[PDB]
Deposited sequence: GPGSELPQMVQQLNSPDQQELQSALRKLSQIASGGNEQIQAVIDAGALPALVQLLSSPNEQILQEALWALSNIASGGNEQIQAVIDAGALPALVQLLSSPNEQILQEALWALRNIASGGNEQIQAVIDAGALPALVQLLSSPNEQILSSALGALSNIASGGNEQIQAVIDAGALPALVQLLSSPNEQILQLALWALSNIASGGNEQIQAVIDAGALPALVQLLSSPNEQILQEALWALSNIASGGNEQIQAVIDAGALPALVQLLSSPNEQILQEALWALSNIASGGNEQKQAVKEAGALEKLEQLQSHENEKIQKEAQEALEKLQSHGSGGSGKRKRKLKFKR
C-alpha cells in the first residue's frame, strides 16, 4: 500500500543513522530490478542525497551507499550519466583510497560499471582522477581488488585514442606486461583484455605496447593448451597487427607466423576464425610482410580452407587470400559491464 519513493527520499536527509540506512536499503532493493525502476528511483530525487552520503564519516552508510550506487550503475547509460551529473565520481576515487577492502571492492565495481559507457563518461571518470589510483592498485596482492582494477582499466582503455593515451600516461603498461607471465589464468584473462583494448588505438599506442616487451609473451602463449588464453592472445595479437607496417614487422619478428600457420589447420572454429583475423590484419600492409606470410606456407592452407563447409570461415579465408595477392585492417574493443 502506497509508494515507497517519497518516504525513502525524505529519510535520505534524516539525521538518524538507523532509519537513514533503512532508506538506503530500500533504495538498493528498489534499484535492484528493472531499468524503469532505477529511473523511477532517480526521478524520485535520491541521487543528490546518495552523493552526499558517499562523503559520510559513517562506514555503514558509506558501504550502503556503495551498494545502492552499484545497483543504479547496472542500468542504462542515461542513468549512469545522471549519476555522473550528481557529482559522485570524486567520492568514488577517494573511496578507492580506503583501507576497507569491502568498500574498496564495491567502489571498484561502481567505477568499472560506470566506465562501460560512452567516451564522455570515460573522460569524466578520468578527470575525477581514477587512473593513478588504479595503476597503484595494479600492484596489490589482493586478487579481488586486482581483478576489479584490471577490469576498470580495460573498460577505460576501451574508449577513444585520447583515453588510451591517458591510461598509458598513468604508467600501467609495465605492470600489465609483468602480469602477462602470471600463473593465475583469471587475472591473465583480464590482463590480456586490458592490453588488447589498449592496442585497439592509434599506431603510437601499439608501438608503446610493443616497446613494453609484450610481443614475446603473446608469441609464447600462442602455443598454450588453454583455448581461452589462446583466443585472448589471438585477440591481442590481431589488435597489435592492425597498425602500421612497422608494427606488423615487429609482430613477424616475434615469430608469430609459424604458430598462426599451424593454427590454420585446427578443428576449433573459434580458433580458426581468430587465426584468420590475425593473418588478415597481418596481410594488411607492406609487401615485405605479405611475402613473409607467403613463405610461411599460408597460401596453401588458405586455398584449402576455401573448401571448408562453414561459410564464414570460407569467406574470410577468401578475403585473406585476396588481401595476400592484391596490394594493401580491423580493430576490436571489449567492455565489461555487470549487474547485481
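Missing from the model relative to the deposited sequence are positions 1, 330-332 (no C-alpha coordinates, numbering from 1).
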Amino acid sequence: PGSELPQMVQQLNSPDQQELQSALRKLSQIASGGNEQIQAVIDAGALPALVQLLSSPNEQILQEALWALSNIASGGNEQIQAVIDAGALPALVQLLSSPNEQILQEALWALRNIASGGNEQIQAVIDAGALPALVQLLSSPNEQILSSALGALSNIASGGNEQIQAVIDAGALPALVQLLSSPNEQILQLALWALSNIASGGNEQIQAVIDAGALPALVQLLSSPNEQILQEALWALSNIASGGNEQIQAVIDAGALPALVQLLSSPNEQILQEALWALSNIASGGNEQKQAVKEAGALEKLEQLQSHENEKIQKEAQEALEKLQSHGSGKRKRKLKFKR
From here on, numbers count along this sequence of modelled residues.
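With 189-197 and 156-164 compared on mean CA B-factor from the PDB entry, the stretch scoring higher is 156-164. Looking at mean Cα B-factors across 269-277 and 29-37, the upper value is held by 29-37.
In this PDB entry, the Cα temperature factor of residue 211 sits in the top third of its chain's modelled residues, the highest group.
Per the PDB record, residue ranking by Cα B-factor puts residue 225 in the highest third of the chain. Per-chain ranking of the deposited C-alpha B factor places residue 132 in the lowest third. Placement of the Cα temperature factor of residue 68 within the chain: lowest third of the modelled residues, per the deposited record. Compared with the other modelled residues of the chain, the Cα B-factor recorded for residue 335 ranks in the lowest third.
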